Every structure is written in C-alpha cells, then in structure tokens.
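Inspection log for the structure reproduced underneath, given as structure tokens.
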Number of protein chains: 2
Amino acid sequence: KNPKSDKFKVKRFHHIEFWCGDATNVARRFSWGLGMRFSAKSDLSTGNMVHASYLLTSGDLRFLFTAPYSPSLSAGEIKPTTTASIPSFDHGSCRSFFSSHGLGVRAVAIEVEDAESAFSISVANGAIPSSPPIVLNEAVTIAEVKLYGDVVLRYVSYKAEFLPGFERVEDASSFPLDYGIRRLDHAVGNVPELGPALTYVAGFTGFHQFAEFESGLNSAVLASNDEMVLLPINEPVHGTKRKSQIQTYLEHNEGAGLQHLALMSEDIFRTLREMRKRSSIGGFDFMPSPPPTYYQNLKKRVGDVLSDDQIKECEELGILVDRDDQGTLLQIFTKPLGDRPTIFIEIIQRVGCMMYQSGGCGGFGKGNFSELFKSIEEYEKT
Amino acid sequence: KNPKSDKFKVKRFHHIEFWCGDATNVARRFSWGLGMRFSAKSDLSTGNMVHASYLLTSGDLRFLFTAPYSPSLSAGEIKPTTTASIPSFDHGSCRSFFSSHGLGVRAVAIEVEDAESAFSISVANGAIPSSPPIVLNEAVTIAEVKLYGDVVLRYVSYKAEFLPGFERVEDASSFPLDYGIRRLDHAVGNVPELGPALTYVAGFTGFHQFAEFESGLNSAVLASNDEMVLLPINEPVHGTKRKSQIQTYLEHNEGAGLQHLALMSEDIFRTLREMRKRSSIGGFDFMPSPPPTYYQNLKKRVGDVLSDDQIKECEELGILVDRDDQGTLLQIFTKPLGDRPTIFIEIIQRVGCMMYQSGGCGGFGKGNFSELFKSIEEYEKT
Ligand SMILES: Cc1c(C(=O)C2=C(O)CCCC2=O)ccc2c1c(=O)n([C@@H](C)c1ccccc1)c(=O)n2C
Ligand SMILES: Cc1c(C(=O)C2=C(O)CCCC2=O)ccc2c1c(=O)n([C@@H](C)c1ccccc1)c(=O)n2C
Ligand SMILES: [Co+2]
Ligand SMILES: [Co+2]
C-alpha cells in the first residue's frame, strides 16, 4: 500500500556528489572503472578559484567529484562575490568531512519542482537545514538539508546545462565510454539506530515505507510518491557468528554515512563483463562470487525468468538473483570504492512490473542473505 | 668536472612516496595511466591500522601511494607498539601536508649504504632532521631529513621485499602492465630562492653541481658521485611577457615542493603511444604539442642522431628533443597529475654517453625553451 504522502513534488534522482581529496584522480578512476564519460567541469579553467568539480555521466546517472583548492586562492572572496559554482561548498566543511570519513558521498541530490518550497516545507517538518536555497543565474535553485551523518539531501529545481558555471567538456577529453549503466536506482545509508533515522527522514519528506518480503542488519526503505526515489537505511544487529558489516562501516567511517549506490544497467551482463575486464587495470573489484551450489539452486528459483544459458551467464559473472511477489532482481556488489571498508557500489537490473517499470521491482535482494548462506554451507559439505 | 664529494655512499633512487587523501584511487589511476603494476601493499589486510600504502612498480621505478586511516583505529597504539609499516608516518602530518599542498610527493627516497650514517652525517652537516633512523625487522633502516618545503629526502639501507610489513600483491590483482618505463631519472624541486636551497642540500649531502650548457626560471642540478641521483632545483624569474610557471606552482602549492618526476623509458615511442591511447580513458594528458615548425627544425639539430622516420615519430607523439655536448635527450611533459597546476611527470629517453650510460646524458632540455619559443613564433608568422 502506497499512501502517496510526499510533502512536496519530487521528480527523480539528479546526481550524487563525492567529496574528495583530489577530484581529478577519483573522477578519472571512476570514469574508466564504470564507463562514465566526462560531461561537465567547474574548476580553475572555468573561473572557479574555490573548488574543482568534475561531472561524469552514464545515461541519466550523474556522479560529481569535488575537491577544495587552497583557501588562499579565494581569500579575498565573500559569499556575495564567490567564484564557487556550488555555493553550499565550504573548504573547512570539505576537509573535515574527508579527514573524518575518507572518500564518500556528501550529497544525495534529487530534482524537485521547487527547491525553495521543498526546503521550507522540509525544515518546517523537522529537517535540519544545511544550506539555504540559492538561485543560480536566475535559472537553477539548490538547497540542502541533513540526511544522516554528514550526508545531505540536496534539492535541485530548474525553471526550464548541469549547473550554471559548469562548462561542457570538450569532446576530445570526453571519450564516450558506456558499459550500460543508465540511472541511480537507490542510495543506502548506514546508521547506528534505524528507528530515529527513519522517523526523521520520513518526517520531513513525507516518504513512505516501501513494501518488503541473522544477516548483520535491520533495514527499511523510504520511497517517494511514484517510488522512483528509494532511500533504504540500515542499522547493525550486534552479536552473531560473524561481525556486522554495518558496524564495521560505522567504525571505519567514524559514524553514519552512505553505504552503497545501486546503479541500474540496461544490460547487467555487458556491464559486468566490461567492469570485470578492467578490475585489475584501474577499475573496480567485485565481492567474492557465490559457490556453484548457489547457481544450481537458481533453476528452482528463477528458472521461469532466466533460461539455462542466462543462469550460466550469471554464474560466469558472479551475479546474484533474488525475487519478489512481482519482479526479479539481478545484483552484484563491488569491493569498497576507496581505502576504507565503507562505501561500495551495487550494479542491478530489474525484471518485471510492467505498466514503464515500477520502482523497486523485485526488492533489494534481502532473500540473498539466506540463499547465499545456504549455498555456502552446501558447497562446504559438498 | 666532477669532484665526487658525497659525504656518504649513495646508490640509486629507491622510490617516490605520494601523500594522498585516498591512496586506492590515486594508485589505480596511476597504474593504468603509466603502466605500472601493483607489487606490494601495507593496509588493513596486512595488519596496518594506521595508513594504507600501495606500491606500484615499472622496472626499477617504485611509486608508493599512502593515505591515513581514521586515527580512531590506532588510538591505543604508541610508537613502540605501532602497526604502521612506515614508522615516520603521522596522521596529523599527512592530513596537514595534503590540505596544504594537495596531491604530491612527500618523500624522495634514495638507497644508501647505511641510512643511520647517512642521517647522522647529513644532520652534522646542516640537514634538518625529519624522522630519526629506525630499524625495521632487523633488516631495513630508514631515516628522513627535510629537502625543501614539506618534501623529505628519505634514506633507505638494506642489510642484504620492498619494506618489512609490506605484503607481495596477489598475481590476480597484479596485472602485468608495462609501457616501457624503467627508472627515475631525476626529481625536481620548485623553491622561492634557488641560492639558499642549493647551499642547504649540497651542504649536507656533498652533492656537486652538474654541468650545464626569459624562460620563467633559474635552475641548477645537484648530483651524487656517479651522477645517477640527480636533483634539479628551480626558482622563478619575475616579470616577462608571460607568468613564471614556477611562481604559479608556488602559489597553488602553498610554497616550495616537488615540481616534476622524470621517468626514463626504454622506448619512449612505445611509452608515449600507450600513455596517449589512455589519456581520455583514465590516464594522463600531455602538454600541447609543439607546432610542425619545431619538427622541421629538428633535422638541422639531431638529423645525425634521428632518422627522418624517427623524427616524424617524435612529431606524431609530441616528443621534444634537445642535445648536449655528449648526448641527445628526448622528452615530453604531462599536464598536472591532479587538481592543482603543480606536480607533473616528464617521460624521457637518453641517447649517447656510452662507457653503461652516464647520468644526465644530454642534459635536461633547457635548450627546448628557446627552440620551442622560436618554433612557436615561426608557426605564427607562417
Ligand atoms: C548491500 C546488500 C544488499 C542491499 O543492497 C540492501 C539494500 O539495497 C536495502 C536493504 C538492506 C540491504 O542490504 C542486499 C544483499 C546483500 C548486500 C550485501 O552487501 N552483501 C555483502 C556484500 C555482505 C554481507 C554481509 C557482510 C559483508 C558483506 C550481500 O551479501 N548481500 C546478499
Ligand atoms: C620542466 C621542463 C624542463 C625540465 O625538465 C627541467 C629540468 O629537469 C631541470 C632544469 C630546469 C627544467 O625546467 C625542460 C624543458 C621544459 C620544461 C617545461 O616544463 N616546459 C613547459 C611544460 C612549460 C614551460 C613554461 C611554462 C609552463 C610550462 C617546457 O616547455 N620545457 C621546454
Ligand atoms: Co541495494
Ligand atoms: Co626534467
């Protein structure tokens, strides 16, 4: 049941901003590893004396990488005279974020009808303000509230090309890489206590709990009216036969933050082939694959959805499969994206729920905890 | 004339250490962009709770990338009980270095006969100590003195595999990339005042001035006894028809630091082909190429050294050529390696001075300032 209680009009995920020490090297690594092209820039060459920001895109997916310059370059500036293209940026906030958490997501940005109204309504409904609404070139409005830890939810609204002050990247440095990734499906937070986290976010957005049904976690999913913005949140479950990956995250991240970005592919087979070819030459590594017992057990589970050849293609690529009441989910997880065992990426593709495909079709793979556990015990005894 | 005045026995360049915000992403980017393989690691998986350090190698060239973890992981440790594999490492020093300078070289490491003697002798002769000699596993000794700015000269000596506590990297993540780079030829500092810089370094090493003969700089080169360790230093020359790149460096770097690393290739043609193929897919960009007039003028200059086909191969790749009394130098420069217009890399190959090839054969390309200037004026008027 979807009560459609959004307190303001929400469209889709707009972009994800990483706060970096060096945006150039992170962005180039991500570009090669995920097959995203360099689409826009805001840096010294565009007049920005405050921060370096590089935008990668794949389909509708937008990854922004931002790092501060020396404050001495902009020492004479004040906010009214700033050359920053992202007015919410602050050197001290950025350095403190990165020193505290390492490389990770600062901003989960969603496009809304009117960022000013969304901001005012959110704060009126309990949201902690982070950056007030600011109009860029009388054309784009941006505002920010706290989401969890030091992650903000950023609202973006357009009167009618990424952001004013960003320049389109020259087609020469813009190699048209594409491994099939098309959009952000969901963005997941890790928190010490799930209850207060949910109550707070659902409080100021009107987002509703999304339908569901010892793995180290409890989780719940908040969704916008059309369930195209999906914000799962996890908390740890302490004490087991293995340590909670949520607890490990909080320890190495120095508290709550974004755990993983799930990127929808138009062809998860080709995406995973391309990413796996590049793992050891600058790209991303993937978690250890399930044993062959997991893939034998797939026939009994999704044999109606996936042919024997497509199941064997999942096995060759380490792809996991779960299923819902209405849809089927293919998923796989990278190793952590940086030095710390904190943020990682999920690649997914959803099968079913045709109406356009409805959001969350197939769930989030929670049934793969037991299915993975069972297959691992079976392969050991085998 | 080489007076051979080294105050201690110096062997060769050993490694270069970069201080990073995220060592993983910088190291993966450098690996792909330069064709260096992952050879050793010291991180959480090896028991290091203090810093993440990844070693890339190509031939004898060793690039180390190090970033701090959260201090909370090692809060109970003291230096006698440290899990750091590099005992000179300090969280606060590392974060302060990176916040101040951005991504850059912290340590220029040279192998010596006895790091303890080299340290004591250096400090006795004016060197400012940075980290005292420390014996690792009764097998490797390391010590550090200040070189310029926040760059240290690191001494390493071996009784008889990179460093104790580093683990060899699994041949699976160790893809055997190789674009032909073989060793560090020279490492270059930018300082506000050349005179005091030279006097200080030559004072404590015994390194001698290396033979030479408005471009924005003055420079001089310090060399070890066999002239295989080469340390040029630059200072700006203020006021011209263009701003000094040395001054730009000091401004964006917040003072003195390492300007460029020059990497010798066994085949600069293949190195530049491989690096240029990768520039727009995660690798490194190169400075703008000289006009065709520069390459026509090459026949009159090096036509005895390089055939017409090899000169045309230089033109296709943007390679610069200079010549000495005894040798010929092929060189090219990357764009800056990170966000700031500070550190860059030079690729070089030297022709001549056969005895083994003697160090510095062909010089450092100083004649290419005028040759580039002339050809640029000629191409404009053409
Ligand atoms: C993150 C994830 C999800 C996931 O997407 C997700 C949501 O979107 C929202 C609901 C909560 C949630 O979890 C689903 C299945 C996963 C994993 C996952 O992380 N892991 C590995 C990597 C692991 C488990 C334990 C300890 C260390 C690693 C899995 O095995 N499964 C099977
Ligand atoms: C660094 C360099 C060297 C070099 O290696 C070097 C040494 O090893 C020691 C002696 C001093 C020195 O300079 C040689 C030639 C160079 C460059 C160089 O940097 N440039 C570009 C990039 C540039 C010039 C001006 C303003 C901006 C950029 C050149 O054009 N030439 C021709
Ligand atoms: Co997920
Ligand atoms: Co040089």
Side-chain angles (χ1 to χ4, degrees), chain A residues 29 33 276-289 334-341, chain B residues 11-20 22-69 73-74 82-89 106-107 109-112 115 134-142 154-158 160 162-169 172-184 263:
Chain A
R29 192 285 184 102
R276 279 195 180 283
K277 291 212 282 236
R278 296 170 174 76
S279 296
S280 294
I281 55 172
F284 294 98
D285 305 336
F286 288 92
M287 287 295 287
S289 303
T334 70
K335 296 286 196 67
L337 315 185
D339 291 338
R340 313 192 182 189
Chain B
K11 290 171 98 191
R12 314 255 282 220
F13 279 122
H14 193 261
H15 66 270
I16 296 292
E17 183 175 16
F18 292 82
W19 266 5
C20 310
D22 187 84
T24 292
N25 273 269
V26 180
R28 299 216 159 199
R29 192 285 184 102
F30 273 58
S31 178
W32 178 233
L34 290 150
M36 305 177 65
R37 77 174 323 172
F38 277 101
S39 296
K41 72 180 173 176
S42 173
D43 64 7
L44 291 171
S45 76
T46 72
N48 189 337
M49 306 289 134
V50 175
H51 56 98
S53 289
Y54 302 109
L55 184 77
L56 306 185
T57 64
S58 194
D60 293 336
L61 180 62
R62 309 186 179 84
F63 275 2
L64 186 62
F65 305 82
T66 301
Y69 292 130
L73 304 190
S74 63
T82 190
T83 60
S85 51
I86 301 179
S88 68
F89 182 86
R106 165 62 168 185
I110 54 168
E111 183 185 8
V112 301
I134 293 134
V135 183
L136 307 172
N137 196 34
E138 313 175 39
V140 187
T141 307
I142 183 190
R154 170 180 292 152
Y155 304 130
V156 180
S157 60
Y158 294 83
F162 169 63
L163 285 180
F166 279 78
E167 294 190 3
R168 141 203 71 91
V169 163
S173 51
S174 179
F175 197 104
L177 292 172
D178 179 19
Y179 311 161
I181 295 167
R182 289 303 177 252
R183 72 175 183 97
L184 185 64
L263 317 179

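Hydrogens, waters and symmetry mates are skipped; everything else that's a heavy atom, side chains included, is used. Here is how names work: the chains are called A, B, and so on, in the same order as the sequence lines, proteins then strands, and each is numbered from 1.
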Do [X] and [Y] touch side chain to side chain, with heavy atoms closer than 4.5 Å?
X      : Y      : value
B/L44  : A/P341 : yes
B/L177 : B/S31  : yes
B/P87  : B/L136 : yes

Candidates B/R62, B/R106, B/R154 - the one meeting salt bridge (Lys or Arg N to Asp or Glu O under 4.0 Å) with B/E17: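 With B/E17 as partner, salt bridge (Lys or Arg N to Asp or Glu O under 4.0 Å) holds for just one option, B/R154.
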Geometric class of the B/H14/B/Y158 ring pair [parallel <30°, tilted 30-60°, perpendicular >60°]: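 Taking B/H14 first and then B/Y158, their aromatic rings sit tilted (interplane angle of 30° to 60°).
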Sole candidate of B/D178, B/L61, B/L263, B/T57 that passes side-chain contact (heavy atoms from CB on, under 4.5 Å) when paired with B/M36: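 Single side-chain contact (heavy atoms from CB on, under 4.5 Å) partner of B/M36 among B/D178, B/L61, B/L263, B/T57: B/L61.
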Aromatic ring proximity B/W32/B/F175, centre distance under 6.0 Å: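 B/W32 vs B/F175: aromatic centres not under 6.0 Å.
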Electrostatic pair B/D22:B/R28 at N-O distance under 4.0 angstrom: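 Not counted as a salt bridge, because no side-chain N and carboxylate O are separated by less than 4.0 Å.
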How long is the span from the [atom1] atom in [X] to the [atom2] atom in [Y], to the nearest 0.5 Å?
X      : Y     : atom1 : atom2 : result
B/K41  : B/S85 : NZ    : OG    : 12.5 Å
B/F18  : B/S53 : CZ    : OG    : 13.0 Å
A/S280 : B/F38 : OG    : CZ    : 9.0 Å
B/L73  : B/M49 : CG    : CE    : 7.5 Å

B/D43 vs B/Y54, side-chain hydrogen bond (donor to acceptor under 3.5 Å, both in side chains): CA-CA, chis, key distance, verdict: CA-CA 8 Å; B/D43 64 7; B/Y54 302 109; 2.7 Å; yes
Stacked cation flag A/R29 on A/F284, 6.0 angstrom / 45 deg: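 Yes, A/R29 sits over the ring of A/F284.
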